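Right, one structure below, let's go through it.
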Amino acid sequence: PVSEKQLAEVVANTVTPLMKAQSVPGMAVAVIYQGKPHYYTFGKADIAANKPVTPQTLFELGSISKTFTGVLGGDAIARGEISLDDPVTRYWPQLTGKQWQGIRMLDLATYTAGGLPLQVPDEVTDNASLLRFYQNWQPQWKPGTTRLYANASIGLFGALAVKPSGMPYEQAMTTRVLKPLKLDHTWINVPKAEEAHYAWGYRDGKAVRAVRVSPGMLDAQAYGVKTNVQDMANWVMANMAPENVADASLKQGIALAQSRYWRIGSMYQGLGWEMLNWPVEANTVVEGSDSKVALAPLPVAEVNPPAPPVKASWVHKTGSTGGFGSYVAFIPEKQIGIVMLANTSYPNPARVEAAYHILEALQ
Ligand SMILES: *C(=O)c1cc2ccccn2c1N/C(C(=O)O)=C(/C=C/C(N)=O)C[SH](=O)=O
Ligand code: NA
């Protein structure tokens with residue numbers, strides 16, 4: 001029964017040393033505790049302009065954008081528009097290469113298609129060349145046997161998952177996920193009227209921001225999600241407690257995103273989200289966040305059928321861009337969670353260590 005006064009100290013005593021040690025210009029933190037969000041802001045959103053971080057400052061989520069993709073995909077499944085058991089070719093009949101037989105939407109969504117690479121090559125500058133890329137790809141492993149984190153994998157899942165709806169990814173996300181949850185300050189493309197809240201990212205001392213990719217069915221997702229700490233806190237709350245979400249299919253989509261589809265060592269792969277059974281030790285989580293392991297191709301143990309959301313889980317996702325570093329984690333059983341948005345990409349292990357320390361105090 002930690003008081004708000006104590007929580008404020010715990011956060012300050014953890015984030016302050018962190019920002020100084022990692023040279024973080026600014027950070028927006030939100031802790032979900034006792035049914036509501038608690039906000040703490042530190043530093044600058046724009047160093048040269050001397051603008052401070054506020055609850056309205058927009059940060060780049062990077063790969064945490066994948067959690068929105070997973071939920072949007074879950075929603076489409078709950079609507080009957082797609083099934084994770086359908087072959088990828090059902091949604092893209094032009095993908096005729098036989099190496100695709102046996103590869104399911106589930107494999108694309110969870111990085112198990114057989115070695116799709118981390119990124120889609122820069123040579124891919126339109127849809128005709130994207131098809132060429134997937135047609136030419138030769139898997140290094142059979143489907144459902146190896147997990148290799150890849151934007152070329154989940155990115156395609158996202159583009160194909162919204163096809164039945166008839167809407168482009170950005171529009172489908174806004175209409176079916178953001179608007180319903182009242183995340184009205186979360187964007188792919190920041191409107192010029194909101195640009196004043198857009199923080200600058202920093203890399204080796206230079207102010208930087210994300211750039212757009214070549215027009216295609218993956219361009220919106222590639223551009224990624226931008227949002228403030230309030231919307232992000234509410235995103236965590238909706239995923240933490242889908243029972244409070246009214247829309248029937250979105251509620252189910254949220255559940256599908258936290259379901260366990262594969263076990264890799266001590267972690268479980270969901271749709272976007274990743275999970276570990278709770279209780280879990282800090283070194284298990286921190287050590288798993290190292291790029292050496294996070295990007296390696298590892299063997300998977302199938303969870304068939306998928307295990308529905310386990311309340312006693314540590315649910316999280318890290319994400320970065322050239323100038324931003326973010327992390328989100330929550331434990332449904334305890335109804336506690338945390339969001340940490342920063343405008344500099346610092347080591348993922350430091351993010352995990354800090355988040356764990358703060359939540360450990362609330363447990
Ligand atoms: C997501 O944030 C993302 C997408 C890609 C594709 C290619 C290169 C970079 N990654 C990122 N971000 C990073 C990063 O630049 O630090 C990641 C690093 C890996 C790690 N665990 O250290 C992957 S992110 O955490 O999902
Ligand atoms: Na290439």
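If you're wondering about the labels, chains in the structure tokens are A, B, ... by order shown, residues count from 1 in each chain, ligands from 1 in order shown.
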### Task
Please identify all polymer residues within 9 Å of residue 170 (chain A), counting only C-alpha atoms, omitting same-chain residues fewer than 3 positions from it, and present them as a ChimeraX atom specification.
/A:167,173-175,187-189,220-221
### Task
Considering only C-alpha atoms, return as a list in words whatever protein or nucleic-acid residues lie within 7 Å of region 124-133 of chain A, sequence-local ones (same chain, fewer than 2 positions apart) excluded.
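The filter keeps residues 95, 121, 122, 135, 136, 137, 214, 215, 216 and 217 of chain A.
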### Query
What do you get as a VMD selection string if you pick all residues at most 9 Å from ligand 1, counting only C-alpha atoms and all ligand atoms?
chain A and resid 61 to 66 118 to 120 149 to 152 222 288 to 295 317 to 322 325 to 327 345 to 349
Selection to disk with N, CA, C and O atoms, as a CSV table (one decimal), in the first residue's frame:
chain,number,residue,atom,x,y,z
A,61,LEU,N,7.4,6.0,-30.9
A,61,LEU,CA,7.4,4.7,-30.2
A,61,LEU,C,8.3,3.6,-30.7
A,61,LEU,O,8.7,2.7,-30.0
A,62,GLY,N,8.7,3.8,-32.0
A,62,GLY,CA,9.5,2.7,-32.6
A,62,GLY,C,8.7,1.4,-32.6
A,62,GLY,O,7.6,1.4,-33.0
A,63,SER,N,9.4,0.3,-32.3
A,63,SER,CA,8.8,-1.0,-32.3
A,63,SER,C,7.7,-1.3,-31.4
A,63,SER,O,7.0,-2.3,-31.5
A,64,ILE,N,7.4,-0.4,-30.4
A,64,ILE,CA,6.2,-0.6,-29.6
A,64,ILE,C,5.0,-0.4,-30.4
A,64,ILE,O,3.9,-0.7,-30.0
A,65,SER,N,5.2,0.2,-31.6
A,65,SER,CA,4.1,0.4,-32.6
A,65,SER,C,3.5,-1.0,-33.0
A,65,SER,O,2.4,-1.1,-33.4
A,66,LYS,N,4.3,-2.0,-32.8
A,66,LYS,CA,3.9,-3.4,-33.1
A,66,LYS,C,2.8,-3.9,-32.2
A,66,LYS,O,2.0,-4.8,-32.6
A,118,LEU,N,15.2,-9.1,-40.8
A,118,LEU,CA,14.9,-8.0,-39.9
A,118,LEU,C,14.2,-6.8,-40.6
A,118,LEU,O,13.2,-6.3,-40.1
A,119,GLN,N,14.7,-6.4,-41.7
A,119,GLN,CA,14.1,-5.2,-42.4
A,119,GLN,C,13.9,-5.6,-43.9
A,119,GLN,O,14.5,-6.5,-44.5
A,120,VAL,N,12.9,-4.8,-44.5
A,120,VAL,CA,12.6,-4.9,-45.9
A,120,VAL,C,13.7,-4.1,-46.5
A,120,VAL,O,14.0,-2.9,-46.1
A,149,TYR,N,13.1,-12.2,-34.9
A,149,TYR,CA,12.4,-10.9,-34.9
A,149,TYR,C,12.6,-10.2,-36.2
A,149,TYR,O,13.7,-10.1,-36.7
A,150,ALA,N,11.5,-9.8,-36.9
A,150,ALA,CA,11.6,-9.2,-38.2
A,150,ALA,C,10.5,-8.2,-38.6
A,150,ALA,O,9.3,-8.6,-38.5
A,151,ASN,N,10.8,-7.0,-39.0
A,151,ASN,CA,9.8,-6.1,-39.5
A,151,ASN,C,9.3,-6.6,-40.8
A,151,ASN,O,8.1,-6.2,-41.1
A,152,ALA,N,10.1,-7.3,-41.6
A,152,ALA,CA,9.6,-7.8,-42.8
A,152,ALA,C,8.5,-8.9,-42.6
A,152,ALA,O,7.8,-9.2,-43.5
A,222,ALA,N,5.8,1.5,-41.2
A,222,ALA,CA,7.3,1.8,-41.2
A,222,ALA,C,7.5,3.2,-40.5
A,222,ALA,O,8.4,3.4,-39.8
A,288,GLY,N,17.4,-11.0,-21.2
A,288,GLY,CA,16.8,-11.3,-22.4
A,288,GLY,C,16.6,-10.1,-23.3
A,288,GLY,O,16.4,-10.2,-24.6
A,289,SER,N,16.7,-8.9,-22.8
A,289,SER,CA,16.6,-7.6,-23.6
A,289,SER,C,17.9,-7.3,-24.4
A,289,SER,O,17.8,-6.3,-25.2
A,290,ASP,N,18.9,-8.0,-24.2
A,290,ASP,CA,20.2,-7.7,-24.9
A,290,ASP,C,20.0,-8.1,-26.4
A,290,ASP,O,19.5,-9.1,-26.7
A,291,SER,N,20.5,-7.2,-27.3
A,291,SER,CA,20.4,-7.4,-28.7
A,291,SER,C,20.9,-8.8,-29.2
A,291,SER,O,20.3,-9.4,-30.1
A,292,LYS,N,22.0,-9.3,-28.5
A,292,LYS,CA,22.6,-10.5,-28.9
A,292,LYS,C,21.5,-11.7,-28.8
A,292,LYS,O,21.6,-12.6,-29.6
A,293,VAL,N,20.6,-11.6,-27.9
A,293,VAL,CA,19.6,-12.6,-27.7
A,293,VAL,C,18.3,-12.1,-28.4
A,293,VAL,O,17.7,-12.9,-29.2
A,294,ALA,N,17.9,-10.9,-28.3
A,294,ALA,CA,16.7,-10.4,-28.9
A,294,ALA,C,16.6,-10.5,-30.4
A,294,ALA,O,15.5,-10.6,-30.9
A,295,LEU,N,17.8,-10.4,-31.0
A,295,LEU,CA,17.8,-10.5,-32.5
A,295,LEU,C,18.3,-11.8,-33.1
A,295,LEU,O,18.3,-12.0,-34.3
A,317,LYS,N,7.2,-4.5,-24.1
A,317,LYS,CA,7.7,-4.3,-25.4
A,317,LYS,C,8.6,-3.1,-25.4
A,317,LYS,O,8.3,-2.1,-24.8
A,318,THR,N,9.8,-3.2,-26.0
A,318,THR,CA,10.7,-2.2,-26.0
A,318,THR,C,10.7,-1.6,-27.5
A,318,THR,O,10.2,-2.3,-28.4
A,319,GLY,N,11.1,-0.4,-27.7
A,319,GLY,CA,11.0,0.2,-29.0
A,319,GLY,C,11.9,1.4,-29.1
A,319,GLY,O,12.0,2.2,-28.2
A,320,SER,N,12.6,1.6,-30.3
A,320,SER,CA,13.5,2.7,-30.5
A,320,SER,C,13.4,3.2,-31.9
A,320,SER,O,13.0,2.4,-32.8
A,321,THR,N,13.9,4.4,-32.2
A,321,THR,CA,14.0,5.0,-33.5
A,321,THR,C,15.4,5.6,-33.4
A,321,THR,O,16.1,5.5,-32.4
A,322,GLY,N,15.8,6.4,-34.5
A,322,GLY,CA,17.1,7.0,-34.4
A,322,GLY,C,17.3,7.9,-33.2
A,322,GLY,O,18.4,7.8,-32.6
A,325,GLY,N,13.9,6.4,-27.4
A,325,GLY,CA,14.0,5.1,-26.7
A,325,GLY,C,12.8,5.0,-25.8
A,325,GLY,O,12.6,5.8,-24.9
A,326,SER,N,11.9,4.0,-26.0
A,326,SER,CA,10.7,3.8,-25.2
A,326,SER,C,10.6,2.3,-24.7
A,326,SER,O,11.1,1.4,-25.2
A,327,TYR,N,9.8,2.2,-23.6
A,327,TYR,CA,9.6,0.9,-23.0
A,327,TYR,C,8.3,0.9,-22.2
A,327,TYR,O,7.9,1.8,-21.5
A,345,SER,N,17.8,7.2,-27.7
A,345,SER,CA,17.8,5.7,-27.6
A,345,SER,C,18.9,5.2,-26.8
A,345,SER,O,20.0,5.0,-27.2
A,346,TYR,N,18.6,4.8,-25.5
A,346,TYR,CA,19.7,4.3,-24.6
A,346,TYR,C,19.4,2.8,-24.5
A,346,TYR,O,18.4,2.3,-24.8
A,347,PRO,N,20.5,2.0,-24.0
A,347,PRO,CA,20.4,0.6,-23.9
A,347,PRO,C,19.1,0.0,-23.3
A,347,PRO,O,18.7,0.4,-22.2
A,348,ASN,N,18.6,-1.0,-24.0
A,348,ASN,CA,17.3,-1.6,-23.6
A,348,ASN,C,17.4,-2.2,-22.2
A,348,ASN,O,16.5,-2.3,-21.5
A,349,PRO,N,18.6,-2.8,-21.9
A,349,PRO,CA,18.7,-3.4,-20.5
A,349,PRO,C,18.5,-2.4,-19.4
A,349,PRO,O,18.0,-2.7,-18.3
### Task
May I have the residues within 9 Å of residue 2 (chain A) as a list in words, using only C-alpha atoms and disregarding those fewer than 4 positions away in the same chain?
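My reading of the contact set: residues 6, 7, 361 and 362 of chain A.
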Residue selection dump (N, CA, C and O atoms) as an mmCIF file, in the first residue's frame:
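Saved file result-v2.cif follows:
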data_model
loop_
_atom_site.group_PDB
_atom_site.id
_atom_site.type_symbol
_atom_site.label_atom_id
_atom_site.label_comp_id
_atom_site.auth_asym_id
_atom_site.auth_seq_id
_atom_site.Cartn_x
_atom_site.Cartn_y
_atom_site.Cartn_z
ATOM 1 N N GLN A 6 5.134 8.325 -1.812
ATOM 2 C CA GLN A 6 6.240 7.380 -1.925
ATOM 3 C C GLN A 6 6.498 6.997 -3.377
ATOM 4 O O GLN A 6 7.650 6.857 -3.777
ATOM 5 N N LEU A 7 5.432 6.843 -4.161
ATOM 6 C CA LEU A 7 5.576 6.480 -5.570
ATOM 7 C C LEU A 7 6.345 7.571 -6.309
ATOM 8 O O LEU A 7 7.240 7.286 -7.108
ATOM 9 N N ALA A 361 8.509 -2.046 -6.480
ATOM 10 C CA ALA A 361 8.103 -1.341 -5.269
ATOM 11 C C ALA A 361 6.589 -1.354 -5.057
ATOM 12 O O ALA A 361 6.121 -1.222 -3.931
ATOM 13 N N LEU A 362 5.832 -1.521 -6.139
ATOM 14 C CA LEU A 362 4.371 -1.528 -6.082
ATOM 15 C C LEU A 362 3.769 -2.908 -5.891
ATOM 16 O O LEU A 362 2.556 -3.048 -5.822
#
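Between CA of residue 196 (chain A) and CA of residue 238 (chain A) the interatomic distance comes to 27.3 Å.
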### Nearest candidate to ligand 2 (options A:209, A:11, A:117, A:224; using only C-alpha atoms and all ligand atoms)
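Under the stated criterion, the closest residue is A:117.
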### Query
Of the candidates A:134, A:33, A:68, A:59, which shows the shortest atom-to-atom distance to ligand 2, using only C-alpha atoms and all ligand atoms?
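Smallest separation from ligand 2 among the options: A:134.
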### DSSP-assigned strand (DSSP E or B) among region 212-330 of chain A, expressed as a VMD selection string
chain A and resid 226 to 227 260 to 264 267 to 269 274 to 277 298 to 299 301 to 307 313 to 320 325 to 330
Can you write just those residues out, N, CA and C atoms, as a short mmCIF file (atom, residue, chain, number, x, y, z; two decimals), in the first residue's frame?
data_model
loop_
_atom_site.label_atom_id
_atom_site.label_comp_id
_atom_site.auth_asym_id
_atom_site.auth_seq_id
_atom_site.Cartn_x
_atom_site.Cartn_y
_atom_site.Cartn_z
N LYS A 226 3.45 7.80 -33.13
CA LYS A 226 3.90 8.90 -32.28
C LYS A 226 2.73 9.14 -31.32
N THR A 227 3.02 9.41 -30.06
CA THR A 227 1.97 9.59 -29.06
C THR A 227 2.54 10.28 -27.82
N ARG A 260 -0.56 -16.59 -25.75
CA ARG A 260 0.76 -17.19 -25.97
C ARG A 260 0.70 -18.15 -27.15
N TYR A 261 1.44 -17.84 -28.21
CA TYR A 261 1.48 -18.65 -29.43
C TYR A 261 2.72 -19.55 -29.53
N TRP A 262 3.83 -19.10 -28.96
CA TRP A 262 5.08 -19.86 -28.98
C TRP A 262 5.88 -19.62 -27.70
N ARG A 263 6.63 -20.62 -27.26
CA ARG A 263 7.51 -20.45 -26.09
C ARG A 263 8.94 -20.49 -26.61
N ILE A 264 9.72 -19.47 -26.24
CA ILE A 264 11.13 -19.38 -26.61
C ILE A 264 11.91 -19.17 -25.30
N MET A 267 10.52 -16.85 -22.41
CA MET A 267 9.52 -15.89 -22.90
C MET A 267 8.47 -16.56 -23.80
N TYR A 268 7.37 -15.84 -24.04
CA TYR A 268 6.26 -16.31 -24.88
C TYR A 268 5.94 -15.20 -25.89
N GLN A 269 5.71 -15.58 -27.14
CA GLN A 269 5.41 -14.58 -28.16
C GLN A 269 3.91 -14.37 -28.36
N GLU A 274 5.12 -9.28 -25.89
CA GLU A 274 5.93 -10.43 -25.49
C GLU A 274 5.63 -10.62 -24.00
N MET A 275 5.66 -11.86 -23.52
CA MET A 275 5.33 -12.15 -22.13
C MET A 275 6.26 -13.13 -21.42
N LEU A 276 6.33 -12.99 -20.10
CA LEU A 276 7.10 -13.90 -19.25
C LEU A 276 6.16 -14.20 -18.07
N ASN A 277 6.21 -15.41 -17.53
CA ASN A 277 5.36 -15.75 -16.40
C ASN A 277 5.80 -14.91 -15.20
N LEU A 298 16.04 -18.15 -32.79
CA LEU A 298 15.98 -19.19 -31.77
C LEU A 298 14.84 -20.17 -32.00
N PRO A 299 14.99 -21.42 -31.51
CA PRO A 299 13.97 -22.46 -31.66
C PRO A 299 12.71 -22.16 -30.85
N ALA A 301 8.76 -23.46 -29.33
CA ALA A 301 7.94 -24.58 -28.88
C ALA A 301 6.53 -24.09 -29.14
N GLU A 302 5.79 -24.79 -30.00
CA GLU A 302 4.43 -24.37 -30.30
C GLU A 302 3.45 -24.52 -29.14
N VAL A 303 2.58 -23.52 -28.99
CA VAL A 303 1.54 -23.54 -27.97
C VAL A 303 0.26 -23.70 -28.77
N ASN A 304 -0.20 -24.94 -28.87
CA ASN A 304 -1.39 -25.28 -29.64
C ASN A 304 -2.48 -26.03 -28.87
N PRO A 305 -3.68 -25.43 -28.77
CA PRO A 305 -4.00 -24.11 -29.34
C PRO A 305 -3.37 -23.01 -28.50
N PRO A 306 -3.36 -21.76 -29.01
CA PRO A 306 -2.76 -20.66 -28.26
C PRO A 306 -3.37 -20.50 -26.86
N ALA A 307 -2.52 -20.23 -25.88
CA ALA A 307 -2.98 -20.04 -24.52
C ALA A 307 -3.55 -18.64 -24.36
N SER A 313 1.46 -12.55 -15.59
CA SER A 313 2.47 -12.36 -16.64
C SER A 313 3.14 -11.00 -16.53
N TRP A 314 4.35 -10.91 -17.05
CA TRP A 314 5.08 -9.65 -17.15
C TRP A 314 4.89 -9.43 -18.67
N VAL A 315 4.11 -8.42 -19.05
CA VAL A 315 3.86 -8.14 -20.47
C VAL A 315 4.64 -6.88 -20.82
N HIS A 316 5.40 -6.92 -21.90
CA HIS A 316 6.22 -5.77 -22.26
C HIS A 316 6.61 -5.69 -23.72
N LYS A 317 7.19 -4.55 -24.08
CA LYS A 317 7.71 -4.32 -25.41
C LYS A 317 8.62 -3.10 -25.38
N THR A 318 9.80 -3.25 -25.97
CA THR A 318 10.75 -2.15 -26.04
C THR A 318 10.66 -1.61 -27.47
N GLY A 319 11.07 -0.36 -27.68
CA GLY A 319 11.03 0.20 -29.01
C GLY A 319 11.92 1.42 -29.12
N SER A 320 12.58 1.58 -30.27
CA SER A 320 13.47 2.72 -30.48
C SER A 320 13.42 3.16 -31.94
N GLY A 325 13.91 6.39 -27.39
CA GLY A 325 13.97 5.09 -26.72
C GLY A 325 12.78 4.96 -25.78
N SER A 326 11.93 3.96 -25.99
CA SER A 326 10.75 3.77 -25.16
C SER A 326 10.60 2.34 -24.65
N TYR A 327 9.84 2.18 -23.57
CA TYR A 327 9.59 0.86 -22.98
C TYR A 327 8.27 0.86 -22.21
N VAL A 328 7.51 -0.23 -22.35
CA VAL A 328 6.24 -0.40 -21.64
C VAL A 328 6.17 -1.80 -21.06
N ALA A 329 5.66 -1.90 -19.83
CA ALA A 329 5.53 -3.19 -19.15
C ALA A 329 4.39 -3.12 -18.13
N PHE A 330 3.69 -4.23 -17.94
CA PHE A 330 2.60 -4.27 -16.98
C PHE A 330 2.34 -5.70 -16.51
#
